[PDB]
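The form deposited in one PDB entry is given below as one chain in structure tokens.
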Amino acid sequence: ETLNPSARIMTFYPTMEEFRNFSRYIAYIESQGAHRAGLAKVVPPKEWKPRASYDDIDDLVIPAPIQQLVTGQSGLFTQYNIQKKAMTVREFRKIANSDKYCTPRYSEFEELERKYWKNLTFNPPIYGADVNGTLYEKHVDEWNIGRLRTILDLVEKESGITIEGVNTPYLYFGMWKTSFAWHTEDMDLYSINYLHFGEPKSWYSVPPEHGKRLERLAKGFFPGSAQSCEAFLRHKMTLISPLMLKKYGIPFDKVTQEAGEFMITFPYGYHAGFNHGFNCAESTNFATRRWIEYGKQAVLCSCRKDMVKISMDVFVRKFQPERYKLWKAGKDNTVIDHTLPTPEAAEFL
């Protein structure tokens, strides 16, 4: 409550020694109140590099590039995907850098951000999203998105369920104006995002303590979507501008991620954003002991059969043995305090 009261996005510069233990550092950033913004930036030490070069990925296949069709006005938009046939990085790069799709000329980010909100419904771009894979070299043990060693490993280790992009890494090849709509992670988990190379990625975040305020706003503007699904923002179609957020008093913050930087999203941290140009990011989900409760109380998409659903039993039996019986009977009336750090943050408090 007194740690990060403003709930502003925090930036961290770990040393090589701090950086070596991912789970310990995530507990440390939470002891500093980073989780209150719903998003944090971690700039790794200059000596750390996940790959020697990105010169050998020309023939890497993007199995399902998606053309992003956006419809809307007055800061409220719906984004529709059109799956295109498989393309290579080389082909995607030529398209992204061509006169038709390249980044417009601008001076400051505020000018580029205006250009994005003025032109998102025009000239639909192609997003090389959800590519199963990693760009990390095998020998890299620190912050390896392909093997983070978090309590989320219980899903594949005990339950045997593999949710692509949740417990496995995903690659994202971006181009100017490609977007990611307002959402929290599947099961309201955490996420890690590494920007491998290229142009920046800008983010907007709503603090988890104000997340319900954004949902009430979004439900009011899309009533049809609210009736059809009890968690329509998980469809990842809804784009809302910062000016619209300001108009309806939704607190938020913005940050620009650059090549070689990490972004951490926190349980029930709503986020949206866009790519400045040709780039590549790697992403996966992870958990701490704090997520377990968010996981049990997550409002999931009901309208779709293929949606990501984790059985919480195993997490409640291992980390909450006392509450298992009460939770199974439907008597666990636990009210999540969003300002509270993860139990592992104690050694820093």
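All residue numbers are counted from 1 along the displayed sequence.
The same protein also exists as the form solved in complex with a partner chain; that form is not shown, yet it is the one meant from here on.
Chemist: Given its partner chain in the entry with it bound, answer whether the residues 64, 170 and 285 all have a heavy atom inside 4.5 Å of it.
Modeler: Checked in the entry with it bound: all three residues contact its partner chain.
Chemist: Does any part of residue 199 reach within 4.5 Å of its partner chain in the entry with it bound? Heavy atoms only, please.
Modeler: Result no; residue 199 lies far from its partner chain in the entry with it bound.
Chemist: Can residue 309 be called a contact residue for its partner chain in the entry with it bound at 4.5 Å between heavy atoms?
Modeler: Taking the distances in the entry with it bound, the answer for residue 309 is yes, it comes within 4.5 Å of its partner chain.
Chemist: Just checking whether residue 75 would be counted as a contact of its partner chain in the entry with it bound - the rule being heavy atoms within 4.5 angstroms.
Modeler: Contact with its partner chain, no.
Chemist: According to a 4.5 angstroms non-hydrogen atom cut-off, is residue 250 in contact with its partner chain in the entry with it bound?
Modeler: Because no heavy atom of residue 250 falls inside 4.5 Å of its partner chain in the entry with it bound, the answer is no.
Chemist: By the heavy atom within 4.5 Å rule, which residue out of 259, 102, 163, 218 makes contact with its partner chain in the entry with it bound?
Modeler: Of 259, 102, 163, 218, the residue with a heavy atom within 4.5 Å of its partner chain in the entry with it bound is 163.
Chemist: Looking at 209, 142, 113, 130, which is the one with a non-hydrogen atom within 4.5 Å of its partner chain in the entry with it bound?
Modeler: It is 130 that has a heavy atom within 4.5 Å of the partner.
Chemist: Of these, 209 to 217, 250 to 258, 155 to 163, 103 to 111, which stretch puts a heavy atom within 4.5 angstroms of its partner chain in the entry with it bound?
Modeler: Correct option: 155 to 163.
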